[PDB]
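Working notes, structure below.
Basis: the model, the stated rules and, where named, an outside source; none is laboratory data. FYI the Cβ positions are ideal-geometry reconstructions off the backbone, even for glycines, and counts take in every protein chain you see.
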Amino acid sequence: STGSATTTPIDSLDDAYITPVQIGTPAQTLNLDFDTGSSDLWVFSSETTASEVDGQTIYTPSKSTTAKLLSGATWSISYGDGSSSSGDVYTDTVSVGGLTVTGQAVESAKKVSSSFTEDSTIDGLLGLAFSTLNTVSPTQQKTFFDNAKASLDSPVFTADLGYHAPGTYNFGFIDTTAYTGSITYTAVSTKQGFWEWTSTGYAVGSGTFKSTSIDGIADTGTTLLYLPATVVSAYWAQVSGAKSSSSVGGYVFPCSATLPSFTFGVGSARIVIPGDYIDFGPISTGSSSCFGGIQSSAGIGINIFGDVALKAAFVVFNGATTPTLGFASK
């Protein structure tokens, strides 16, 4: 089997991407944030504290003839950005782009943090990291991909995120029309439960490539590119007037700037992030200070190849017995 679904930016900045997901019988379609940095499929629901729901579409398990309470199971997750959610668990039928999994754990939120409430466009998350990170207790549950894998034509999914435009998540096949040149594959460590890999270096604008190993994670659920302070300083030094602002929470730059590109290495291959992908717009409405899309990972504890990086590529998440990651230009 295969599946193919369009993923759409939630706003004009590509702050996140939402993908429609069918849950239950009859189908209830919710728009979920596909997140290769976490491993829980959780949704706003009829169980979510009413004051914490503000415009989201909810899953109502009592209206699904295939929903079953997973007795005694609870979940609770905290994300890198400080947001969180928790609740109980149902199993139900879940379909993405025509690919169906029966008996998928659907984690129903009883509580969500303010950032989730405040984002009316995201109805929940669909985790695509390794199932070892799943938070369900006392019996850990499998991700949608893990459940689908054996049925897929090939044990892979691909992320093809757009810049200020829709893109695609495919399951079970590689669309050879969706990228240019070849896909370069690189090793993955699953030791921390992430799609963790090592970039071979970087360049800023038309500058020379610096060969240096940068360990980080391919994370579709993180907006920005978080890299070591040395790398990030070298980038912003090429933008007149750019500075790190403790009050704002990272590098800012004059909105009048033309940003240089940023290149990262994948083996001997190179992925070029155009400068415009690094612009996240005014820090507040009407400001002439703009927020940068490349930020320091110092004090995160891990480098994160988030959407800013991934949307410059066609990315293969290869879930073979020994997982690997592939990147192509597009």
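Restricting attention to segment 292-330, the residues that are assigned to a loop (DSSP other than H, G, I, E, B), of a type in the set (A, V, I, L, M) and closer than 18 Å to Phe173 by Cα add up to 2. Could you tell me how many of the residues in segment 68-88 are in a loop (DSSP other than H, G, I, E, B) and not hydroxyl-bearing (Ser, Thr, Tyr)? So the answer is 3.
Can you tell which of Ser64, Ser51 is surrounded by 15 or more Cβ atoms within 10 Å (Cβ to Cβ) and over 16 Å from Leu32 (Cα atoms)?
So the residue among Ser64, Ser51 that is surrounded by 15 or more Cβ atoms within 10 Å (Cβ to Cβ) and over 16 Å from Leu32 (Cα atoms) is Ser64.
The one condition from (1) surrounded by 14 or more Cβ atoms within 10 Å (Cβ to Cβ); (2) more than 19 Å from the chain's Cα centre (by Cα); (3) under 15 Å from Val231 (Cα atoms) that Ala298 does not meet is (1). Each residue in segment 44-77 was checked for being in contact with a helix residue (DSSP H, G or I) (Cβ under 6 Å, 6 or more places away or on another chain) and over 15 Å from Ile122 (Cα atoms), and 1 pass. It is to be established whether one or more residues within segment 136-148 are assigned by CATH to the domain that holds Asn303, hydrophobic (A, V, I, L, M, F, W, C) and not in a helix (DSSP H, G or I). No, segment 136-148 contains no residue that is assigned by CATH to the domain that holds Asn303, hydrophobic (A, V, I, L, M, F, W, C) and not in a helix (DSSP H, G or I).
Criterion applied to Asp119, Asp88, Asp81 was being acidic (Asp, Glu), surrounded by fewer than 14 Cβ atoms within 10 Å (Cβ to Cβ) and more than 21 Å from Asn170 (Cβ to Cβ), and the one residue passing it is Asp81.
Within segment 89-125, the set of residues being in a strand (DSSP E or B), in contact with an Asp or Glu (Cβ under 6 Å, 6 or more places away or on another chain) and among the polar types (S, T, N, Q) comprises just one member, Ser108.
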